[PDB]
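*Asks:* coords below, sequence missing:
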RNA sequence: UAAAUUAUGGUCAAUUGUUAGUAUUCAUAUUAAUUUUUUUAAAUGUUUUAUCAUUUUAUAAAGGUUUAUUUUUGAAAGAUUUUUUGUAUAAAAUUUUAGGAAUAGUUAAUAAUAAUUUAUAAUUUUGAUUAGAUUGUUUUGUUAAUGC
C-alpha cells in the first residue's frame, strides 16, 4: 500500500475526482423528481406534466384567520408597497410602450 | 483484500455521508410540502365551518 | 444440510444465502448473449428472481463501434467500445454497506469500471506471485514511517464520517443577537 | 441494578410525598389484550403492547411472578438428564412460604415434580414455612432453587431411574410411575416418542460450566 | 366507554375496564351458567390437585404421553395454521380422512 | 458502526414518514455525545427543530450537555430563549410530580364518522406528550447545564445569574420526585437464570 | 429518465448522470456528449418551421426492397422509376447551408 | 391516505357515498348539489362545530406559516460532488489552472487531432485530380 | 418482437432496440369438454357440469375485482386492508363472541360499476355487551380462535330496544319465521 | 452466531433442546474441579484483608433443624482441623481430584489433607481442606488469617478451610465467588519507606547499550506432517490461548 | 381429536422471561391462563385508586345516595343473603347487613380540626349541584370486586343515569378536591365509581377470613339483575353506622 | 405551559390573582412591551396552552377562544409591523 | 347563470371482407397462432473433513386444489475484549359447473382440561358440504377501444 501510494501521489494525472468512487449521488430509494411515470388515470408520463391538480397542494401563502383580520381593521405590509397608477415608480426603467400595454 | 475491505467501509462513508445530505434535503422539501398540505387542511376546515 | 443434496448446485451454507453481485446472462447463440448484472443471494431457487435483490445493470460482452460518435482521428476512441450499465449507488449500498459477495466475472467488469481494484484472477500470468519476508518488510517500515497524527485522520474520514463541519463555518449555525 | 435499584428508589419516594393527588385512572391506561404480531404474548408488568411513551407511575407490584427451579428427570432416549425446570408462579407479596409452596403445588402441570413434599431455597439456605416472602426479601428476581425430599440422594444409584438404555426393566417396573408410560418397545408408531440426545453429543465427558477438554 | 381508543387499540369493554363500567346485556340462563362454570375452574384446580394429587398425577400421565403421541410435536406453520382442514385443501379426501369436509367456518 | 449511524437511523426514521419520539432524540443525542460527534448532536437538535418539536425537560438537558462540551454559549442561549423558560421551580405548595394527564386519544362515533380522515390520523407526534414528559420537573438539571455552558463560554455575569437563582431555589423549595427510570431509553433487565454460562474459570 | 435528459446532462446538477470511458490504455475519462445521448431512447428533432426537414421514406431516402418490392439497381445514372434523370451524389450535407 | 376530494373513486354515489349519507343522515340525492352525492349537510354537522373536534393542530403546520424555520442542514455538494460541475468556481479554485489544464488536455487532444487529420487530407487531396496510389487517385470527396 | 410483423421477424432471442419481451402464449387453442357422464347420471347433486369451465381467480369473467374504496376507507384510514369493519352485529349466541356482518368493494371494470358484498365475520367481544343489531366498529388483531381475527372495537349504536327487550326478558330479536330454502313440500297442518 | 430470542417451536411441558442442568457431585472429582480454583482466591483475599466470617473460633453450634438454615453456603477457616458436630468425615486420596489443588498450594502454604464430611442427616456436605506450614503469601497484618494466629506462630501452622453445601447442587449455590474482591500486594511497596530508602538508588533513564541483542538459535523449519495453516483452521496459536489473527507460534 | 392441534387458547409467549432462556437453557412452565384472564372473567372493578397518604387514612366522610323504603334492591339482596347462608354457614359474618345499605358515591378523608366548617362548604357544593337535578333512577345489575375480591358490591349500571350522576359527582369531586383542598381519595379530576357494597372483608377478619372473598360463594350472582330503583337524596354521612343503623346523617339533599 | 394545577381563571379569580399595587404602570408602555414580546413569539409558543384537566366540552371552547386571540394578536402584529 | 386570448401548453384513439329480399356477435377474409420445417444446447463424479464418524451446501416426477400456501437471526452476509437484548404463524379483498341443498372429529369460551367440560354452537341459497374441470391474483392475441 505504501509504495503504491508513493507512486500514485507521484502521478500528476491523479488527484482528480472519479465521480464513480467519490460519492453516492442519490442514496435514498426514490428519485428527486417525478420521472415520466403514470398518473391517477393512467395518463402515462407522456400524456401529462407535473404541477397540475394531481400535485401536492401549495397551501395558502398567508394565514387564515377569523373575524377581524383584513376586513377594514388595518393593513399588512402588502398595503404600503402597492402603488396607485398615477404616481410614478420609485426607480426609472425605460419600459417599452408596446410591452407596457 | 486489504483494499477490497478498505472500500467496503469507504462505501459506508460515501453512501451514508450521502444519505445524510439527501435525507436532510428530502425532509427540507417534504417538510415544505407536508406543512403546506397541512395548512390547506386547516384552511378548508375553516371554509367548511 | 439436506438429506439428498442437489448435486451440481450446492453453495456453501444455508437456504437463503448471503447477497452476491452476480453477472448472469442467458446462454443462447453468442450473438444473442448479454449479461444481466445484478445483486442477489447465493442460494437461489431455480430462476434469478426469488432471491434477486436489486437489478444492477447489463453488460455487452460484444465490443461495439463508435456508431454514436463521429469518426475521430483518435485511436483509443475508434477502438471498439464495450458497454455496461451499473447501478453505481445501489451497488455501493449493497456491496459497501450491506456487504454482498462480489463474484469474479462481475468483478472483472467493475474493475474495468474503476469502482473496485483489479481482481485476484486478472492474473498477469507473466509475472510471479510475491515472496514475503519479515526482515525486509520491517526494515522498510523502519525506513519510511507515517505518524499517528496523520494516520488517525484518514482512518476516521475514510471509514467514519468525513463531512468536516469547517470549524470556521460552524459560525453560520451559532445564532446572532436576537437569540445570542 | 441500575433499574431495579432506581425504580425502587423512586417507587419509594412517591410515597415519600403526601402532596400527590392520585392517578387519573382513565388516563392511566392498562394493557391491550388484542394486538399485532400473531401470539397472545405477555409483556412485563410495566409494559404495554402499544406505544405509551409516558413515564407512567411506578406502582407497587401486588402479586409477584415467583420462579422456582425444580428438577425434572427428562428422558433423552440415551439416559435420564438433569435440566432446569422453572415454574414461574404469580404469587402475592404478603404470603407465607407455606402457602407459596401449596400454591406451586396447585400451579404445576407436570406432577412428575409434585409427587413428594419439597421445600424452597435461595443461594442454599432454606426458607421456613412460617414467615413470608418479604420476611427474607423475595422479589421476582430472588434466584431461588427448589429441593425435593430426595435431592441429597441423586448422586446415589438406588432410586436413580432404571432406564432401558443401560438397565433391566423388570415386569414390576412396567407398572410403576414413569415406566408404565415411557414406551419401551417401539410400537408401529413408537407411540410416546421422547427426545434423543446422542451418546457423543457433549463430547467424551458431560456438561460443565468450565472447559474440560 | 362505548368506544375503543386509537392510540391503544383497546376495545369497548377494555376501556370500560380501565374506567370501571359495566356494559353487558342481560345474559340468558345459558350465558349465565356457562359463565359461572368458567368462573369455578380455578377452584376446581385448587380442590383437584390438593386432595387427590393422585388423580392430578393420573391425568398428568394421560396428558404427558399425549403431548408426544398423536400427530405433531413441533410448531411449524404447517403444524399450527389455525385451521388445518381448510388451510390444506389438497389433503382432505385422500390422505387426511379425519375431516369429512374442507370447510367448517367463516 | 460509524458514530453517524444513529443520525442516519433517525433520518431514515423520518424519510420513513415516522415520528421520532423524544426517546429517539435522547438516545440519538447520547450516542453522538459518547462518540464526540457534537456537530452531529447539534444536527440532532436541528432535526428535532425542523420537525418543530417541543423538547421536553430531558431533551433540553440533553442538548444543553452538548453545548457544554462544545463550548458555545450561543448554542444554548436559544434553547433557553425558546423552550426552557416556562420551566419554574417547584414552589412549596404545589404537587411535586403532577400526574400524567392526557388521556389516550379516542373518538366518539360522531367524531370518527364526520370528521376528516386527516384529523383522526394518530401517528404519535412527540408534541402531544410534552404535557407529561415535563410532568417530572428537571428544572434544576436544566438550570445547572445553563450555568455550566455559561461558565464554559465565559460569561461570568450570566453564569452568576443562573447559579445564584438555582441555589436559592435549592435552599427554599422542596425536592421534585425524580422520574422513575426511562422505561425505554435505559433498559430493564430480563430475568435470566445464569446457570448455563461460561463460568469464571471456563476457559 | 428520458423525461429529464436535459437535467441529467447539465454540469450544474450534482445528481448528474455519470458515464465513464476507460480507454484501451486504462486511463479513465468521462463521456463525450454523443455517448451520453446514446444512452437514452433515440431523440428526433426536426423543426419544420422555416426549413423543411429531410423527412424519411421519400422516393430517394428509401432503398429498393422497401420502396418497391424488388431489388432495383442504385444507378447514379438514369433511374427512370424515381422519375430521375441523372444523380450527381456529392456529400450529403456539404454544400447546403448549415442551418437547413 | 386520500379522500373524496383527491380520489376520483371515492365520490362514487352508486354504493360508496350513498351508504355514507344514509349513515350520516345527510340528504343523499342522485344528481346532488354536493359533488359526492350529498344534497346538503346533516343535522349533526349543521349544529356542531367540528374545527377542533378530534385532534389538535399538528404543529409542523408552523413550518409553512414560518419559512425561517425549515432548512436543509448540510449544503449541496458536501458529500463529495463539489467537483461535479467542471466550470463552477468551486472546482476552479479547488483544482487550479494547472489541474484544469491537465484535466482538459484530452479534449484539447481531440480537437487538435481532428485538425491534424484535416490538414493532412488537405495537403493530400488539395491537388484535386491526380493519382496517389496503385489504383487510387485524389478525390475531393474524402476531404468533403 | 410483438410490434413486428410475422414475415419481418428474424430473431426470437433478443429485442434489438427496446420494447416488451414476452412469450406470445397461444390463447387460440379450442379447449374442449370430454363428456365423461350422462345427462341423467352426474356424481354431483346441486350444480351439474356440462361445458368447459373458465378458470382462474382475478381472472374469471365478468372481471370482478378488489376495490378498497368503500365505506370502510371513507370512514377510517387503514394500515392494511380489511383492518376496520363496520356492521350490524348479527349473531352473538356463541358466548362472548360476536358475528359482525360488514361489506367490502367488488368493482366490475368492464361495466364501470360496483357492488359491495356481505360477510358474516367472527368478532370477539369480551364481556358480552353487543346485542344483535348494534351498529359496531370491529378491528383486527392477533387471532382469537380458529376463526375470529377481530374484536368489537366500539359500538356506534346500541340497540336500546333490544337491550330493554332482554331486560324485560324476551328474545332481543325474534327469530326468522322460515328456514333455509328446501326442495320438499313440507306439509305443516295444525 | 448469536443468541435467539424465544422458544416458539415446542410444547414447554416437555423440555426439549435444553442444555442439561450441571450438578456438581461430591462423590466424583467434578466437585473439587469446581470448588478447587475458588479456594485460592478466598485465600488471597483472607491474606490481603479482614473479612468477617472466615476466621471463626470454632464450629457453628445449631440444632439439626436449623443446621441447613444457616450453614448452606458457610465457608470458614479454623486454627486446626476438627470435625463440627453432627458430621462424619471421609478422607480422600484420589489423585485425580487432588491434582487441582496444585495452584492452591503453590501460592499458599501447601495442602496437607482433604476430606468430605457428610451430616448424619446425609444432606449437608462439608468439603474440608486442611492446609499446612508456612504460607507462600505475604499475609497482611490486617488480614483475617493474620488473626488466625498462623503467621504469628512459627512454621507448622495447620489451619483448615471448611465449605458447607447441600449435595447434588449446581455450581450456582456454591457461594464461593462473592469473595472475588481483588486486593493487591502493598508489602511490595513497603520497601521504599523503611531503612532500605537510603540504600536503594533508582535509575530513571536507560544505560547506553552498545550491544545489539544476541539472536536465538537459527530456525529449523518443522519436519512433521503439519495440520496446516492454523489461521485457516480456526485453531488458537497453541490450541490454548491467543488470537486467530495473532497466529504467532504455530510452526512458522 | 376434537379441536385444533396447537390451540390459540394455549398459544402464549411470555416476555418477562429473558431471551434464549426457553430456547436452550431452561423451561418456564406455568399457568398463564389465569394471569391472562379478563376483568369480565374475574370481577376487577377498577375502583378509583387512592394514593399513598390518602390510602393510609380511613374514610371519614362519604357521599351516598340513600335507598328509599320498600325497595327492589333490598328484596333481591335479601334472597341473595338467604342463598349465601343456605350455601354456607361460613359466610354470614362477612355480609353487610341490610340496614347498612346505601349507595357510595365518594369517600373523603376529613380532618376534625376543621371538621364542621369544611362540612358546611362541602354541603354548599353538594346542594348547588343536586338542586336542579331530578330524582335519579339507576340500574343495579351484576356484582364486582373491590380490594381485589375483598369487597363484593352491586354496582349501579351506567345504563340509565350514570351520565348525569357522574357529571354531578365529578363536579363535586373537583369542588371538594381542588376548590376546598379536602381529601377525596383520588385525584381532584377522577370520577369515583359509585358503588353498593353488599359484603366486605375487613381488616378485623383478614386474619381469619382471608384477603379475598370466596368467588364460589357469590359468583352465581356475578351477572344477576338486582333491579332498577329511584332515589331522591344525596347525603354526606360520617362513618358511624351504629347511630341508628344508617350512618350518621351529616347532611342531606332532597332531589 | 398548560401544566397540571393550571386552569382557566375567572374574572374574580383574575382580580384576586393579578393584584399588585404600583402606580408607574403606563398603559401604553406595559402594553407595547407585551405586544412586542408577542410579536417576537413564534408559533410554537401558542402550542401547550390548553390545560389538559378539562372535559371535552371546555377544552374545545378553549382552543376556540385561543385561536381567536391568536388571530387577533397576529392582526395587531402585522398592523404594528406595517406601523 | 360571463364570453377573454397574453393564441395549436400536458406528446398520434380511430374501425379498408363481393354481399345476395328482411330480422340476427356467426361459413369464404386479415391479425396471432396451431397444422410446419434441428441458427441452443449440452454432458458425467458434488465437494472439502481430524475418519468406519463429522463440519459445509433446503421447493421442478406426480400426487387435485376455487373461503387454498402463510411465517424470523439464531445459520450466512457479519467486522470486537466478555455475559446483549424487544421485529415471526395473522390475516384482508376476488373463486368455477344449466336446470341448486343440505354438510360435519364439529363453533366460542374457558384450557397451556375435558378419548363422557360447558352450550339455544358453527357452514350455507350473499349459492354450503359431495362430486367435476382447473396451478391463484405486473408477462399474450385481437381490437381505435371498456372487452373478449
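*Replies:* Yep, that arrived. Numbers count the residues shown, from 1 in each chain, chains lettered A, B, ... in the order given.
*Asks:* the strands in chain D, which residues?
*Replies:* With DSSP state E, the ranges of strands along chain D come out as D:40-42, D:63-74, D:81-92, D:119-122, D:144-147.
*Asks:* Equivalent analysis for the stretch 1-150 of chain K, please.
*Replies:* Under the criterion DSSP state E, counting those that start in this stretch, the stretch 1-150 of chain K carries strands at the ranges K:12-14, K:26-28, K:61-65, K:104-109, K:136-141, K:144-146.
*Asks:* Relative to chain G, which of those is closest?
*Replies:* Minimum separation from chain G across those (CB to the nearest CB) falls at strand K:12-14, 46.9 Å. Where you see a C-beta, it was placed from the backbone N, CA and C, and this is true even at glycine.
*Asks:* The closest one near chain I anywhere?
*Replies:* No. For strand K:12-14, no contact with chain I is found by CB under 8 Å from any CB of the partner chain; the gap never falls below 10.7 Å.
*Asks:* Go through chain J and flag its longest strand.
*Replies:* Criterion DSSP E: the longest strand present in chain J is strand J:111-119.
*Asks:* and that one, which strands flank it?
*Replies:* strand J:87-91 (antiparallel), strand J:125-131 (antiparallel) (DSSP bridges).
*Asks:* Moving C-terminal from the shortest one, which element do we reach first?
*Replies:* So that's strand J:87-91. Once strand J:87-91 ends, the next helix or strand along the chain (criterion: DSSP states H and E) is helix J:95-98.
*Asks:* following that next one, which helix or strand shows up next?
*Replies:* For helix J:95-98, the succeeding helix or strand toward the C-terminus, using DSSP H and E, is helix J:102-105.
*Asks:* What lies in contact with that next one?
*Replies:* Contact with helix J:102-105 is made by J:36, J:37, J:39, J:40, J:43, J:111, J:129, J:131, as judged by CB atoms under 8 Å, 6 or more residues apart in numbering or on different chains.
*Asks:* show me what contacts the fourth one?
*Replies:* If I follow you right, that is residue J:40. The contact partners of residue J:40, by CB under 8 Å, 6+ apart, come to J:103, J:104, J:107, J:108.
*Asks:* rerun at 6 Å
*Replies:* Taking CB atoms under 6 Å, 6 or more residues apart in numbering or on different chains as the definition of contact, the neighbours of residue J:40 are J:103, J:104.
*Asks:* secondary structure class for it?
*Replies:* Going by DSSP: H, G, I helix; E, B strand; the rest coil, the secondary structure assigned to residue J:40 is helix.
*Asks:* so how far is residue J:55 from it?
*Replies:* Distance of residue J:40 to residue J:55, given as CB to CB, to the nearest Å: 17 Å.
*Asks:* now do the second one
*Replies:* Residue J:37 sits 22 Å away from residue J:55, taking CB to CB as the criterion.
*Asks:* So for those two, which sits in the more crowded spot?
*Replies:* residue J:55 (21 against 18; other CB atoms under 10 Å in any protein chain shown).
*Asks:* pretty sure that one is touching residue J:150, no?
*Replies:* No. Counting by CB atoms under 6 Å, residue J:55 stays clear of residue J:150, with 9.6 Å between them.
*Asks:* Just want the residue of chain H that's nearest chain E.
*Replies:* Counting by CB to the nearest CB, chain H gets nearest to chain E through residue H:55 (9.2 Å).
*Asks:* That residue reaches residue F:118, doesn't it?
*Replies:* No. Counting by CB under 6 Å, residue H:55 does not reach residue F:118; the two are 9.0 Å apart.
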